[PDB]
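1. next input, structure requested:
(4 chains, ligands or ions: 4)
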Protein chains: 4
Amino acid sequence: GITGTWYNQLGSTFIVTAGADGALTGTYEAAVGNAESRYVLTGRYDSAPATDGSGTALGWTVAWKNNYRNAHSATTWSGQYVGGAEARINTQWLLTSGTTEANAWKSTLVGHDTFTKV
Amino acid sequence: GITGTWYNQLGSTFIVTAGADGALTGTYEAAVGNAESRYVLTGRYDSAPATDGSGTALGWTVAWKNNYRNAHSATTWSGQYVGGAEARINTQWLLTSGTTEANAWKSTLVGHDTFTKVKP
Amino acid sequence: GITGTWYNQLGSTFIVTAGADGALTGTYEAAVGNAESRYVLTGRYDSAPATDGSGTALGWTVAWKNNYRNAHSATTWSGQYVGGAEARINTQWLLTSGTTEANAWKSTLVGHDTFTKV
Amino acid sequence: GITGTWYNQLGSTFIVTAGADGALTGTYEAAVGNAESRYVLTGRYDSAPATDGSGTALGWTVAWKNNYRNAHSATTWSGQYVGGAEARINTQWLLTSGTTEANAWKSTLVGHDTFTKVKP
Ligand SMILES: O=C(O)CCCC[C@@H]1SC[C@@H]2NC(=O)N[C@@H]21
Ligand SMILES: O=C(O)CCCC[C@@H]1SC[C@@H]2NC(=O)N[C@@H]21
Ligand SMILES: O=C(O)CCCC[C@@H]1SC[C@@H]2NC(=O)N[C@@H]21
Ligand SMILES: O=C(O)CCCC[C@@H]1SC[C@@H]2NC(=O)N[C@@H]21
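-> Numbers count the residues shown, from 1 in each chain, chains lettered A, B, ... in the order given. Ligands and ions are numbered 1, 2, ... in the order given. Take a look at the structure below.
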């Protein structure tokens, strides 16, 4: 359900596997920002959701270091999986950059991504 | 280092290991909310931070299901580690509950947690 | 440009006037939550924006008290106006409810609204 | 009350008047960022809060244009006032810069400011 390949509105690629233990594992390729190639992602999802037409709560993290570049930053996406034939993961995110203490007030960006399954 | 046992301003306990190449693995025990006992967490951190005085970017996720309870929700914390005599993890977090599509506008709480290794 | 009537994806109605001094004034009618009828809004916008294809920064607040109900809560929308023939105000928001100190960790909801001019 | 002169943890000065029926009117002087001197602010607050111990919901906006500078940005603070011997305004804020549509994903900073009437 969650497992598979997804793209968001920015053109980024999310490849994820949902494990029976509630683990999310995969890779993220961002189409924008201080990024190239694939980054490891790890996260968690509700592996026994409500069956009431509620989405499945999940989240994951990328630290923007790979063996090609390092942006000294990390994003977390928090959201829910909405199943069916046109599956979606609807998220909000927090992108924190490492900063000096004096600059910490401007460390974190916030946004929202919608992911479509392919 | 990041590895260790941390406490936030609500009294919740964050036990984590920082793997050499960027993993965060541990458990989270919340002192408030629809939760008891420990929950699995996973995340990532910058395993080669800048050497200019900046903190270490990191984040992690908890889905609030364990053998005791299931709140049908997940929190992600996004922040940075600040080393020093009084090491600190400063975060902002997003707590998404599963909801119907309709109620999705009120699905996500936002807040901020600071962590230190000082037991309450 | 900004002045006029707007609706968002939830079906809420935003009626605003942009003053020459950078003031935003108007009324908000929410289609969801603990709300009925029109609420006062006040806000600010950049009254001398960049002319570079950058949007116009703005924000506004509603306290969810009117002479019909009171939700003991307030939303702020922060975002930018994107002009032209299909004008949009793209926003993120923070909805804080009054809470006891022990409950303050769960005081604030976050989301995002897109407004279309009519 | 909410009316008065407030300072946050960055040292920025928030001078506000709470109108009887819900207005917030004042000035904001930021101690960090692309700003100097005072900026106009406006907002709203709950003029009949609950009587159970809860805080007073409020919010306000600053667009960062004044006679000295224009950062082409706006911040909104959303929070609540907590009365008591050490009154406090606890907020979360969103700072949106104008950007092209393309760069809109990195247009908005989020943070948290606490305010008290204690001068730094
Ligand atoms: O610039 C950085 O520090 C690293 C890349 C950040 C890319 C961000 S993560 C949130 C948003 N969603 C995407 O697919 N890309 C951006
Ligand atoms: O209530 C739930 O849905 C699960 C528990 C949520 C606890 C939240 S996570 C953010 C904040 N930080 C904490 O230590 N606890 C709360
Ligand atoms: O429930 C409340 O406390 C008052 C109504 C809140 C309505 C919210 S404000 C953010 C979002 N955008 C809308 O048009 N409605 C909701
Ligand atoms: O840099 C800008 O675009 C304008 C100044 C921003 C100052 C920010 S607003 C949030 C935070 N709280 C403060 O008192 N200052 C910063």
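2. the residue of chain A at minimum distance from ligand 2 in helix, strand or coil?
-> Ranked by CB to the nearest ligand atom, the top residue of chain A for proximity to ligand 2 is residue A:57, at 8.4 Å. (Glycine included, C-beta is placed from N, CA and C.) Secondary structure state of residue A:57, per DSSP: H, G, I helix; E, B strand; the rest coil, is strand.
3. my guess is it contacts residue A:46. True?
-> Yes: the pair residue A:57 / residue A:46 is scored as a contact, 4.6 Å apart, by CB atoms under 8 Å.
4. with adjacent residues omitted, what lies nearest to the residue with the largest distance to the centre of chain A?
-> For chain A, the residue at maximal distance from the C-alpha centroid (CA atoms, centre = their mean) is residue A:102, at 28.4 Å. Sequence neighbours aside, residue D:32 is the residue nearest to residue A:102 in space, at 7.7 Å (criterion: CB to CB, 6 or more residues apart in numbering or on different chains).
5. give me the phi and psi angles of that neighbour.
-> phi -140, psi 160 (degrees, to the nearest 10).
6. quick one: residues contacting it.
-> A:102, A:105-106, D:10-12 (CB atoms under 8 Å, 6 or more residues apart in numbering or on different chains).
7. who's the residue of chain A found nearest chain C bridged to?
-> Residue of chain A nearest chain C, by CB to the nearest CB: residue A:112 (4.9 Å). Beta bridges link residue A:112 to residue A:92 when assigned by DSSP bridges.
8. what's the answer for residue A:29, then?
-> Assigned bridge partners for residue A:29, using DSSP bridges, are residue A:13.
9. before we move on, what about the one 10 residues further on?
-> The bridge-partner assignment for residue A:39, based on DSSP bridges, gives residue A:28.
10. now the one 5 residues further on
-> Per DSSP bridges, residues listed as beta-bridge partners of residue A:44: residue A:23, residue A:59.
11. do the same with residue A:117
-> With DSSP bridges as the rule, residue A:117 is bridged to residue A:6.
12. report the two of the contacts of residue D:32 separated the most.
-> Farthest-apart pair in those is A:106 and D:11; separation 15.0 Å (CB to CB).
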